[PDB]
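One chain is shown next in structure tokens, namely the form deposited in one PDB entry.
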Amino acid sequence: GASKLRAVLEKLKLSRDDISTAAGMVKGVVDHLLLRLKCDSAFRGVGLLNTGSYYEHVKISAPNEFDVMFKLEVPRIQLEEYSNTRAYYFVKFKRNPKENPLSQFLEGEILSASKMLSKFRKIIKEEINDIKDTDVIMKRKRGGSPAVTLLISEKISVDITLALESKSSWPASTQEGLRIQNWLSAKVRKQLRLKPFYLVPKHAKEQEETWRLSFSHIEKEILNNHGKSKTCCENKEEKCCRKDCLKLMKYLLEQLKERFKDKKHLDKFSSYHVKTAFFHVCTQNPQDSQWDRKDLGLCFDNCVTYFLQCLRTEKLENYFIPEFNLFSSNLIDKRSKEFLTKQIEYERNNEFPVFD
């Protein structure tokens, strides 16, 4: 039944590529926000994580929902790992010029996120206040990241996440992660780990001024140069279905979350979990011939199958930090993962009614 999957991918491709003023409205707003933040002492070097691509989408099915990252480089920071969480960190400074521009957000040794955010959110509030032309509103909701959600017009939503950028070596918790060696090669892994890493404000539970590692730039680089062969998806004789399988996994989850948004059992699942499981299947199946365009149906099924295995065993290691179990029962409880298991098996056994 790979014929249905192709049609699903065609609709999704058409929706995304259809002419839209959305990206241009959000560019206008983001560009005003950046200039106004660049005028303030603490945010002088703030900039876009992806330049030219204001249109990063979390929900592959929601074209009016945008997700942007404002990065700010911090030199010579000291990370202290928080509570053996492996992913969450206190941000200290080596502070050899003690007058670092973020000195105003200090609480002794420790960089305060809630303070940085409240000022970030206040500068942003002061520019969405001075909006010319089109109308935009700030929907300030809980959670440190995204910092704010902007609503433009009736349909457009922009999540803005603030991120510290570190150009030093990745924390030890990543040392055994990104296990792409038998897929993208050991030399690519080394290249990637020379790239910076990011830290976004975040709490482990739902108290403390912690930051969480973010590697969305590495995920993007992998997806756009994803084959074992350097020529994967350039020709037609080596055209693969890796990106299609990811889009199908994302769209399955988004459709099931929408189908059950009144029951809450699926609220903790996100794109992270499907992207992570996908990349694990990329390591398991490193050959481009295991992702043949013609095998879209079988390839999708391996992804669904592996995702179901993660759910039932309650194990899904973060791709960058192998000791962080995304499916631990402290993050998602057994009944929630068992609920999702049942719905996906119902989809697979009825030829995915969410793809009708």
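Just count from 1 along the sequence shown to find any residue number.
Not on display, but discussed next: the form solved in complex with a partner chain.
Engineer: Just one of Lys155, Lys167, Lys92, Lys205 has a heavy atom within 4.5 Å of the partner chain in the bound PDB entry. Which one?
Structural biologist: By the 4.5 Å criterion, the partner-contacting residue is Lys167.
Engineer: Select from the listed residues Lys264, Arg76, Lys239, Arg259 the one whose heavy atoms reach within 4.5 Å of the partner chain in the bound PDB entry.
Structural biologist: It is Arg76.
Engineer: Is it the case that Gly143, even though its partner is missing from this view, gets within 4.5 Å of the partner chain in the bound PDB entry, heavy atoms only?
Structural biologist: Looking in the bound PDB entry, residue contacts with the partner chain do not include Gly143, since no heavy atom lies within 4.5 Å.
Engineer: If we define contact as a non-hydrogen atom of the residue within 4.5 angstroms of the partner, is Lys190 a contact of the partner chain in the bound PDB entry?
Structural biologist: Heavy-atom contact with the partner chain at 4.5 Å: present for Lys190.
Engineer: Can you work out whether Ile137 and the partner chain are in contact in the bound PDB entry, taking contact to mean some heavy atom pair no more than 4.5 Å apart?
Structural biologist: No, no contact at 4.5 Å.
Engineer: Using 4.5 Å between non-hydrogen atoms, is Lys132 touching the partner chain in the bound PDB entry?
Structural biologist: Output for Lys132 is no: heavy atoms all beyond 4.5 Å of the partner chain.
Engineer: Please name which of the stretches 144-152, 211-219, 169-177, 264-272 has residues with heavy atoms lying within 4.5 Å of the partner chain in the bound PDB entry.
Structural biologist: Correct option: 169-177.
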